[PDB]
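Asks: My file is structure_4.pdb. It has PDB, C-alpha atoms:
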```
MODEL        1
ATOM      1  CA  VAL G 214       0.628-158.856 -25.518
ATOM      2  CA  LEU G 215      -1.820-156.096 -26.562
ATOM      3  CA  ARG G 216      -1.620-153.090 -28.945
ATOM      4  CA  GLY G 217      -3.623-149.908 -29.412
ATOM      5  CA  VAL G 218      -4.258-146.619 -27.686
ATOM      6  CA  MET G 219      -5.154-145.932 -24.063
ATOM      7  CA  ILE G 220      -6.486-142.601 -22.873
ATOM      8  CA  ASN G 221      -7.605-141.469 -19.456
ATOM      9  CA  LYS G 222     -11.201-140.665 -20.475
ATOM     10  CA  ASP G 223     -14.735-141.966 -20.097
ATOM     11  CA  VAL G 224     -17.968-141.507 -22.021
ATOM     12  CA  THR G 225     -19.840-138.225 -21.544
ATOM     13  CA  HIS G 226     -22.986-140.012 -20.449
ATOM     14  CA  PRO G 227     -23.271-143.353 -18.482
ATOM     15  CA  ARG G 228     -25.932-144.765 -20.729
ATOM     16  CA  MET G 229     -23.598-144.585 -23.763
ATOM     17  CA  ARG G 230     -21.943-147.914 -24.742
ATOM     18  CA  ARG G 231     -18.640-148.551 -23.046
ATOM     19  CA  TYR G 232     -17.944-151.586 -25.213
ATOM     20  CA  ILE G 233     -18.066-151.586 -29.029
ATOM     21  CA  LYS G 234     -16.636-154.000 -31.585
ATOM     22  CA  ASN G 235     -15.508-152.847 -35.045
ATOM     23  CA  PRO G 236     -16.169-149.193 -34.039
ATOM     24  CA  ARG G 237     -16.747-146.509 -36.597
ATOM     25  CA  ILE G 238     -14.738-143.724 -35.063
ATOM     26  CA  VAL G 239     -15.094-140.034 -35.923
ATOM     27  CA  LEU G 240     -12.467-137.566 -34.677
ATOM     28  CA  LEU G 241     -13.089-133.836 -34.210
ATOM     29  CA  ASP G 242     -11.021-130.868 -33.020
ATOM     30  CA  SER G 243     -13.945-128.457 -32.813
ATOM     31  CA  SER G 244     -16.460-127.837 -30.076
ATOM     32  CA  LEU G 245     -19.926-129.322 -29.987
ATOM     33  CA  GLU G 246     -21.455-126.536 -27.958
ATOM     34  CA  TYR G 247     -23.237-123.327 -28.738
ATOM     35  CA  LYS G 248     -21.930-119.800 -28.476
ATOM     36  CA  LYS G 249     -22.967-116.380 -29.880
ATOM     37  CA  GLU G 261     -39.243-109.862 -27.544
ATOM     38  CA  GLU G 262     -38.678-112.802 -25.150
ATOM     39  CA  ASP G 263     -35.031-113.359 -26.008
ATOM     40  CA  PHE G 264     -34.902-116.490 -23.790
ATOM     41  CA  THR G 265     -37.267-118.669 -25.791
ATOM     42  CA  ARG G 266     -35.548-117.146 -28.868
ATOM     43  CA  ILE G 267     -32.030-118.006 -27.622
ATOM     44  CA  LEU G 268     -33.158-121.550 -26.898
ATOM     45  CA  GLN G 269     -34.384-121.932 -30.462
ATOM     46  CA  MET G 270     -31.204-120.556 -32.029
ATOM     47  CA  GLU G 271     -29.046-122.867 -29.867
ATOM     48  CA  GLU G 272     -31.130-125.947 -30.651
ATOM     49  CA  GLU G 273     -31.069-125.541 -34.461
ATOM     50  CA  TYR G 274     -27.273-125.208 -34.264
ATOM     51  CA  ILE G 275     -26.618-128.353 -32.169
ATOM     52  CA  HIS G 276     -29.278-130.283 -33.998
ATOM     53  CA  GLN G 277     -27.684-129.644 -37.410
ATOM     54  CA  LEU G 278     -24.212-130.294 -35.965
ATOM     55  CA  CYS G 279     -25.366-133.669 -34.655
ATOM     56  CA  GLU G 280     -27.286-134.475 -37.846
ATOM     57  CA  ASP G 281     -24.091-133.928 -39.813
ATOM     58  CA  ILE G 282     -22.263-136.393 -37.598
ATOM     59  CA  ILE G 283     -25.055-138.969 -37.527
ATOM     60  CA  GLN G 284     -25.320-138.841 -41.322
ATOM     61  CA  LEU G 285     -22.105-140.882 -41.216
ATOM     62  CA  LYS G 286     -23.424-143.534 -38.904
ATOM     63  CA  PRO G 287     -20.543-143.508 -36.454
ATOM     64  CA  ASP G 288     -20.302-145.529 -33.238
ATOM     65  CA  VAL G 289     -17.993-143.144 -31.420
ATOM     66  CA  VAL G 290     -17.421-139.403 -31.704
ATOM     67  CA  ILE G 291     -14.340-138.018 -29.979
ATOM     68  CA  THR G 292     -13.371-134.343 -29.797
ATOM     69  CA  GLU G 293     -10.589-132.177 -28.416
ATOM     70  CA  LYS G 294     -13.089-129.571 -27.191
ATOM     71  CA  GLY G 295     -16.335-129.859 -25.296
ATOM     72  CA  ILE G 296     -19.778-131.331 -25.925
ATOM     73  CA  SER G 297     -22.969-129.598 -24.770
ATOM     74  CA  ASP G 298     -25.520-131.529 -22.797
ATOM     75  CA  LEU G 299     -28.011-131.174 -25.613
ATOM     76  CA  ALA G 300     -25.510-132.576 -28.085
ATOM     77  CA  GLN G 301     -24.719-135.462 -25.779
ATOM     78  CA  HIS G 302     -28.408-136.414 -25.710
ATOM     79  CA  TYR G 303     -28.853-136.187 -29.472
ATOM     80  CA  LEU G 304     -25.784-138.374 -30.063
ATOM     81  CA  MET G 305     -26.859-140.673 -27.282
ATOM     82  CA  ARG G 306     -30.302-140.838 -29.032
ATOM     83  CA  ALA G 307     -28.546-142.159 -32.086
ATOM     84  CA  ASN G 308     -26.658-144.752 -30.133
ATOM     85  CA  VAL G 309     -23.394-142.843 -30.552
ATOM     86  CA  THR G 310     -20.789-142.827 -27.793
ATOM     87  CA  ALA G 311     -19.119-139.456 -27.189
ATOM     88  CA  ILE G 312     -15.802-138.558 -25.564
ATOM     89  CA  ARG G 313     -14.784-134.942 -24.993
ATOM     90  CA  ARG G 314     -11.752-132.838 -24.096
ATOM     91  CA  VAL G 315      -9.342-135.362 -25.513
ATOM     92  CA  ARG G 316      -5.767-134.252 -25.685
ATOM     93  CA  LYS G 317      -4.595-133.176 -29.105
ATOM     94  CA  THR G 318      -1.791-135.717 -28.846
ATOM     95  CA  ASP G 319      -4.149-138.532 -27.829
ATOM     96  CA  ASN G 320      -6.559-137.493 -30.530
ATOM     97  CA  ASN G 321      -3.652-137.831 -32.958
ATOM     98  CA  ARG G 322      -2.683-141.296 -31.663
ATOM     99  CA  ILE G 323      -6.276-142.451 -32.049
ATOM    100  CA  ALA G 324      -6.345-141.100 -35.605
ATOM    101  CA  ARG G 325      -3.365-143.132 -36.594
ATOM    102  CA  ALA G 326      -4.612-146.266 -34.755
ATOM    103  CA  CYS G 327      -8.072-146.436 -36.306
ATOM    104  CA  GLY G 328      -7.222-144.514 -39.448
ATOM    105  CA  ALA G 329      -9.656-141.661 -38.915
ATOM    106  CA  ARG G 330      -8.867-138.090 -39.969
ATOM    107  CA  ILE G 331      -9.465-135.411 -37.417
ATOM    108  CA  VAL G 332     -11.949-132.885 -38.821
ATOM    109  CA  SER G 333     -13.289-129.513 -37.645
ATOM    110  CA  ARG G 334     -16.865-128.927 -38.834
ATOM    111  CA  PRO G 335     -18.820-132.215 -39.074
ATOM    112  CA  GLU G 336     -20.146-131.229 -42.551
ATOM    113  CA  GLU G 337     -16.723-131.699 -44.069
ATOM    114  CA  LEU G 338     -16.644-135.406 -43.259
ATOM    115  CA  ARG G 339     -16.281-138.133 -45.837
ATOM    116  CA  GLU G 340     -16.457-141.875 -45.581
ATOM    117  CA  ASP G 341     -12.646-142.172 -45.609
ATOM    118  CA  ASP G 342     -12.431-139.724 -42.679
ATOM    119  CA  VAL G 343     -14.256-142.237 -40.517
ATOM    120  CA  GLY G 344     -11.751-144.622 -39.017
ATOM    121  CA  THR G 345     -12.333-148.357 -39.107
ATOM    122  CA  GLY G 346      -8.827-149.667 -38.463
ATOM    123  CA  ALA G 347      -9.659-150.217 -34.823
ATOM    124  CA  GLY G 348     -11.450-153.429 -34.028
ATOM    125  CA  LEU G 349     -12.398-152.839 -30.397
ATOM    126  CA  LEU G 350     -13.341-149.810 -28.296
ATOM    127  CA  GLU G 351     -13.538-150.793 -24.632
ATOM    128  CA  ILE G 352     -13.902-148.324 -21.797
ATOM    129  CA  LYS G 353     -13.102-150.119 -18.547
ATOM    130  CA  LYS G 354     -12.435-148.922 -15.004
ATOM    131  CA  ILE G 355      -9.016-149.208 -13.478
ATOM    132  CA  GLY G 356      -8.446-147.978  -9.952
ATOM    133  CA  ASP G 357     -10.491-144.854  -9.370
ATOM    134  CA  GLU G 358     -10.361-143.694 -12.982
ATOM    135  CA  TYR G 359     -11.881-144.776 -16.276
ATOM    136  CA  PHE G 360      -9.769-145.570 -19.327
ATOM    137  CA  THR G 361     -10.728-145.907 -22.933
ATOM    138  CA  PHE G 362      -8.947-148.659 -24.887
ATOM    139  CA  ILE G 363      -8.831-148.663 -28.673
ATOM    140  CA  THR G 364      -7.214-151.919 -29.762
ATOM    141  CA  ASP G 365      -7.125-154.598 -32.515
ATOM    142  CA  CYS G 366      -5.685-152.691 -35.476
ATOM    143  CA  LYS G 367      -6.089-153.745 -39.090
ATOM    144  CA  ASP G 368      -2.414-152.764 -39.152
ATOM    145  CA  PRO G 369       0.073-153.795 -36.456
ATOM    146  CA  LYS G 370       2.565-150.983 -37.013
ATOM    147  CA  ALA G 371      -0.340-148.534 -36.966
ATOM    148  CA  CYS G 372      -0.566-149.226 -33.241
ATOM    149  CA  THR G 373       1.927-149.311 -30.418
ATOM    150  CA  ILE G 374       2.237-151.997 -27.769
ATOM    151  CA  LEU G 375       0.230-151.879 -24.544
TER     152      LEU G 375
ATOM    153  CA  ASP H 211      -6.430-166.353 -20.581
ATOM    154  CA  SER H 212      -2.924-166.348 -18.994
ATOM    155  CA  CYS H 213      -2.390-162.974 -20.671
ATOM    156  CA  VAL H 214      -4.246-161.116 -17.898
ATOM    157  CA  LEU H 215      -2.108-158.678 -15.986
ATOM    158  CA  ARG H 216      -2.989-158.297 -12.319
ATOM    159  CA  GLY H 217      -1.679-155.616  -9.968
ATOM    160  CA  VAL H 218      -2.175-151.909  -9.478
ATOM    161  CA  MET H 219      -1.880-149.091 -11.995
ATOM    162  CA  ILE H 220      -1.664-145.446 -10.985
ATOM    163  CA  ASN H 221      -1.253-142.299 -13.109
ATOM    164  CA  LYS H 222       2.054-141.220 -11.527
ATOM    165  CA  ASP H 223       5.757-141.026 -12.248
ATOM    166  CA  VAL H 224       8.905-140.823 -10.148
ATOM    167  CA  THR H 225       9.716-137.459  -8.534
ATOM    168  CA  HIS H 226      13.257-137.346  -9.973
ATOM    169  CA  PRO H 227      14.144-138.555 -13.534
ATOM    170  CA  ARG H 228      17.287-140.134 -12.142
ATOM    171  CA  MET H 229      15.314-142.561  -9.992
ATOM    172  CA  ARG H 230      14.750-146.119 -11.163
ATOM    173  CA  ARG H 231      11.604-146.673 -13.150
ATOM    174  CA  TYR H 232      12.036-150.435 -13.203
ATOM    175  CA  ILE H 233      12.533-152.543 -10.063
ATOM    176  CA  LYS H 234      12.063-156.256  -9.557
ATOM    177  CA  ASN H 235      10.904-157.487  -6.114
ATOM    178  CA  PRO H 236      10.350-154.006  -4.789
ATOM    179  CA  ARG H 237      10.602-153.292  -1.083
ATOM    180  CA  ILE H 238       7.748-150.785  -0.940
ATOM    181  CA  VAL H 239       7.127-148.301   1.881
ATOM    182  CA  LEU H 240       3.807-146.442   2.037
ATOM    183  CA  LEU H 241       3.294-143.108   3.810
ATOM    184  CA  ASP H 242       0.376-140.717   4.287
ATOM    185  CA  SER H 243       2.458-137.900   5.765
ATOM    186  CA  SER H 244       4.407-135.158   4.068
ATOM    187  CA  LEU H 245       8.101-135.156   3.435
ATOM    188  CA  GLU H 246       8.318-131.367   3.350
ATOM    189  CA  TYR H 247       8.518-128.805   6.191
ATOM    190  CA  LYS H 248       5.666-126.254   6.359
ATOM    191  CA  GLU H 271      14.644-127.513   8.072
ATOM    192  CA  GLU H 272      17.715-128.970   6.318
ATOM    193  CA  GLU H 273      17.858-131.603   9.087
ATOM    194  CA  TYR H 274      14.161-132.298   9.642
ATOM    195  CA  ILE H 275      14.243-133.662   6.134
ATOM    196  CA  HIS H 276      17.631-135.378   6.600
ATOM    197  CA  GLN H 277      16.216-137.102   9.651
ATOM    198  CA  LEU H 278      12.964-137.909   7.882
ATOM    199  CA  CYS H 279      14.843-139.433   4.991
ATOM    200  CA  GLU H 280      17.207-141.280   7.275
ATOM    201  CA  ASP H 281      14.203-142.884   8.967
ATOM    202  CA  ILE H 282      12.901-144.054   5.619
ATOM    203  CA  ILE H 283      16.250-145.275   4.342
ATOM    204  CA  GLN H 284      17.030-147.130   7.546
ATOM    205  CA  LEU H 285      14.556-149.811   6.416
ATOM    206  CA  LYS H 286      16.417-150.250   3.097
ATOM    207  CA  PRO H 287      13.371-149.723   0.796
ATOM    208  CA  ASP H 288      13.383-149.563  -3.007
ATOM    209  CA  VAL H 289      10.325-147.354  -3.342
ATOM    210  CA  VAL H 290       8.755-144.774  -1.041
ATOM    211  CA  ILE H 291       5.249-143.618  -1.926
ATOM    212  CA  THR H 292       3.263-140.949  -0.088
ATOM    213  CA  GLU H 293      -0.133-139.290  -0.221
ATOM    214  CA  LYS H 294       1.444-135.917   0.522
ATOM    215  CA  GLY H 295       4.390-134.088  -1.009
ATOM    216  CA  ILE H 296       8.148-134.589  -1.041
ATOM    217  CA  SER H 297      10.587-131.672  -0.762
ATOM    218  CA  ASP H 298      13.400-131.353  -3.298
ATOM    219  CA  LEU H 299      15.931-131.924  -0.553
ATOM    220  CA  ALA H 300      14.185-135.121   0.483
ATOM    221  CA  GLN H 301      14.015-136.290  -3.158
ATOM    222  CA  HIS H 302      17.691-135.823  -3.397
ATOM    223  CA  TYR H 303      18.545-137.769  -0.187
ATOM    224  CA  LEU H 304      16.279-140.646  -1.140
ATOM    225  CA  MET H 305      17.667-140.594  -4.666
ATOM    226  CA  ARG H 306      21.144-140.738  -3.336
ATOM    227  CA  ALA H 307      20.174-143.915  -1.400
ATOM    228  CA  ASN H 308      18.913-145.417  -4.643
ATOM    229  CA  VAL H 309      15.307-145.081  -3.451
ATOM    230  CA  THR H 310      12.535-144.269  -5.912
ATOM    231  CA  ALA H 311       9.935-141.793  -4.642
ATOM    232  CA  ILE H 312       6.357-141.132  -5.737
ATOM    233  CA  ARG H 313       4.312-138.302  -4.290
ATOM    234  CA  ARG H 314       0.731-137.058  -4.034
ATOM    235  CA  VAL H 315      -0.719-140.493  -4.505
ATOM    236  CA  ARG H 316      -4.495-140.742  -3.917
ATOM    237  CA  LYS H 317      -5.463-142.242  -0.540
ATOM    238  CA  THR H 318      -7.445-144.778  -2.486
ATOM    239  CA  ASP H 319      -4.512-145.717  -4.723
ATOM    240  CA  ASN H 320      -2.221-145.751  -1.732
ATOM    241  CA  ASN H 321      -4.578-148.218  -0.173
ATOM    242  CA  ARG H 322      -4.759-150.441  -3.265
ATOM    243  CA  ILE H 323      -0.966-150.533  -3.317
ATOM    244  CA  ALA H 324      -0.929-151.470   0.371
ATOM    245  CA  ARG H 325      -3.086-154.554  -0.232
ATOM    246  CA  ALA H 326      -1.229-155.486  -3.387
ATOM    247  CA  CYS H 327       2.273-155.516  -1.935
ATOM    248  CA  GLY H 328       1.239-156.026   1.662
ATOM    249  CA  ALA H 329       2.720-152.831   3.038
ATOM    250  CA  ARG H 330       1.183-150.877   5.905
ATOM    251  CA  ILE H 331       0.659-147.190   5.323
ATOM    252  CA  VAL H 332       2.477-145.311   8.107
ATOM    253  CA  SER H 333       2.690-141.651   9.151
ATOM    254  CA  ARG H 334       5.879-141.038  11.019
ATOM    255  CA  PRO H 335       9.064-142.544   9.513
ATOM    256  CA  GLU H 336      10.198-143.515  12.948
ATOM    257  CA  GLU H 337       7.341-145.821  13.669
ATOM    258  CA  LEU H 338       8.460-147.889  10.703
ATOM    259  CA  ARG H 339       9.391-151.540  11.090
ATOM    260  CA  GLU H 340      10.422-154.414   8.765
ATOM    261  CA  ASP H 341       6.816-155.554   9.012
ATOM    262  CA  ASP H 342       5.483-152.347   7.424
ATOM    263  CA  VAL H 343       7.658-152.907   4.313
ATOM    264  CA  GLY H 344       5.548-154.586   1.605
ATOM    265  CA  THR H 345       7.155-157.373  -0.388
ATOM    266  CA  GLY H 346       4.105-159.020  -1.936
ATOM    267  CA  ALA H 347       4.692-157.156  -5.167
ATOM    268  CA  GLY H 348       7.216-158.701  -7.500
ATOM    269  CA  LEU H 349       7.595-155.930 -10.068
ATOM    270  CA  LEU H 350       7.454-152.124 -10.009
ATOM    271  CA  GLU H 351       7.548-150.771 -13.549
ATOM    272  CA  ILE H 352       6.929-147.155 -14.448
ATOM    273  CA  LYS H 353       6.380-146.904 -18.166
ATOM    274  CA  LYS H 354       4.958-144.254 -20.372
ATOM    275  CA  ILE H 355       1.685-144.542 -22.160
ATOM    276  CA  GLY H 356       0.446-141.769 -24.397
ATOM    277  CA  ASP H 357       1.450-138.430 -23.073
ATOM    278  CA  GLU H 358       1.366-139.600 -19.459
ATOM    279  CA  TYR H 359       3.439-141.856 -17.242
ATOM    280  CA  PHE H 360       1.954-144.798 -15.351
ATOM    281  CA  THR H 361       3.339-146.817 -12.409
ATOM    282  CA  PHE H 362       2.594-150.555 -12.490
ATOM    283  CA  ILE H 363       2.863-152.726  -9.399
ATOM    284  CA  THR H 364       2.320-156.325 -10.475
ATOM    285  CA  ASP H 365       3.133-159.995  -9.867
ATOM    286  CA  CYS H 366       1.199-160.123  -6.618
ATOM    287  CA  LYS H 367       1.996-163.037  -4.340
ATOM    288  CA  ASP H 368      -1.509-162.835  -3.000
ATOM    289  CA  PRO H 369      -4.067-164.248  -5.472
ATOM    290  CA  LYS H 370      -6.876-162.424  -3.702
ATOM    291  CA  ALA H 371      -5.185-159.047  -3.496
ATOM    292  CA  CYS H 372      -4.819-157.564  -6.968
ATOM    293  CA  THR H 373      -7.455-156.747  -9.552
ATOM    294  CA  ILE H 374      -7.212-157.396 -13.282
ATOM    295  CA  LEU H 375      -5.650-154.383 -15.032
ATOM    296  CA  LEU H 376      -5.303-155.244 -18.706
ATOM    297  CA  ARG H 377      -6.873-158.269 -20.425
ATOM    298  CA  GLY H 378      -5.020-160.738 -22.582
TER     299      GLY H 378
ENDMDL
END
```
Could you express the structure from this file as structure tokens?
Replies:
Amino acid sequence: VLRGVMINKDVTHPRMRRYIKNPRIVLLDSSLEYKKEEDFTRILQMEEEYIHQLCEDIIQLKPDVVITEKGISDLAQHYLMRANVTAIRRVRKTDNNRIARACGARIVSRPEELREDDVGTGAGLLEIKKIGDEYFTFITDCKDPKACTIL
Amino acid sequence: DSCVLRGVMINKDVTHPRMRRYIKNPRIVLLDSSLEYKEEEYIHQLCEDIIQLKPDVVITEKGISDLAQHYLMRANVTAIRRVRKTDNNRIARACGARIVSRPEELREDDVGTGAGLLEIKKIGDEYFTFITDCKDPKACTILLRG
């Protein structure tokens, strides 16, 4: 048989890797978007410094995948994508919880509060394949059997 | 591999919790019409037309009224509604059924029997219907790997 977690989601951008072995997973419950004289150029600069430092905080932990319960701005997607990091957004709180237990990650809010132990490594394979008309993400091969349910 | 599951998997669940979620050698009947009204005999008739063919499962692209659910349920028939046209097609090839519109035009030939197992289990927070054990080697795609 097969064990792990299966969620009805796909990467945020097509270029991102849909197949990753021994994934370093990072779970979030916060949003990766921005919110809150030529104000335009000015607003673009404020937004960019935010997202940049948010992404830098995440990247500083060299993760393979970054999953969040909220959304991910297009700018953020590109920065993560530019660090070879796969991103999944709007993941159900429940699913996000199942993934946490399966790979041993700890869901965090602001990236800057991450530690090495927060990053989950109990999952040995992240494969996003297409079934029917929808895409599904599969997190399987758990360093701990019980830590994962049967699929 | 030998651990590769072939068949069809759709993000759907039965209409009524009382309906069977597990059925071996399903007699599947596909529809693309609605089993609603937009009365209490249009549905009876409709259901009677479906039941006549003694099916195990009745799947449709449209909706199914509560009254209809009940009649089908009483005839030990599992019903799935609002299935994508694409999924409905995939199921048609997999079990060999012919999607029909009007329940009267149905015939023993439209009832798919190429599927050997209809199992609706839960995964995560959602329910998924699995139609597997295809008699036709060139009809079902690989769902889950070994």
Asks: For atom CA of residue H:343 and atom CA of residue G:354, determine how far apart the two atoms are, in Å to one decimal place.
Replies: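 About the pair atom CA of residue H:343 and atom CA of residue G:354: they are 28.2 Å apart.
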Asks: Would you write out, as a ChimeraX atom specification, every residue that the PyMOL selection byres ((chain G and resi 325-341) around 7) captures in this file?
Replies: /G:217,238-243,278,281-282,321-324,342-347,366,371-372
Asks: Got a sec to pull out which chain G residues are within 12 Å of chain H, counting only C-alpha atoms, and send them as a VMD selection string?
Replies: chain G and resid 214 to 221 315 to 323 351 to 362 364 to 365 372 to 375
Asks: May I have the residues within 6 Å of residue H:364 as a PyMOL selection string, using only C-alpha atoms and disregarding those fewer than 2 positions away in the same chain?
Replies: chain H and resi 216-217+347+349+366
Asks: Since we have the selection now, will you write its residues out, keeping C-alpha atoms, as a PDB file, in the frame of the given file?
Replies:
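Saved result, part_30.pdb, follows:
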```pdb
ATOM      1  CA  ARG H 216      -2.989-158.297 -12.319  1.00  0.00           C
ATOM      2  CA  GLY H 217      -1.679-155.616  -9.968  1.00  0.00           C
ATOM      3  CA  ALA H 347       4.692-157.156  -5.167  1.00  0.00           C
ATOM      4  CA  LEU H 349       7.595-155.930 -10.068  1.00  0.00           C
ATOM      5  CA  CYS H 366       1.199-160.123  -6.618  1.00  0.00           C
TER       6      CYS H 366
END
```
Asks: Can you give me, as a short mmCIF file (atom, residue, chain, number, x, y, z; two decimals) with C-alpha atoms, keeping the file's coordinate frame, the residues this file yields under the PyMOL selection byres ((chain H and resi 290) around 8)?
Replies:
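Okay, this is what ended up in result_15.cif:
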```cif
data_model
loop_
_atom_site.label_atom_id
_atom_site.label_comp_id
_atom_site.auth_asym_id
_atom_site.auth_seq_id
_atom_site.Cartn_x
_atom_site.Cartn_y
_atom_site.Cartn_z
CA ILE H 238 7.75 -150.78 -0.94
CA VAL H 239 7.13 -148.30 1.88
CA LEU H 240 3.81 -146.44 2.04
CA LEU H 241 3.29 -143.11 3.81
CA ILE H 282 12.90 -144.05 5.62
CA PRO H 287 13.37 -149.72 0.80
CA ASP H 288 13.38 -149.56 -3.01
CA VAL H 289 10.32 -147.35 -3.34
CA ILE H 291 5.25 -143.62 -1.93
CA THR H 292 3.26 -140.95 -0.09
CA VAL H 309 15.31 -145.08 -3.45
CA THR H 310 12.54 -144.27 -5.91
CA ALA H 311 9.94 -141.79 -4.64
CA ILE H 312 6.36 -141.13 -5.74
#
```
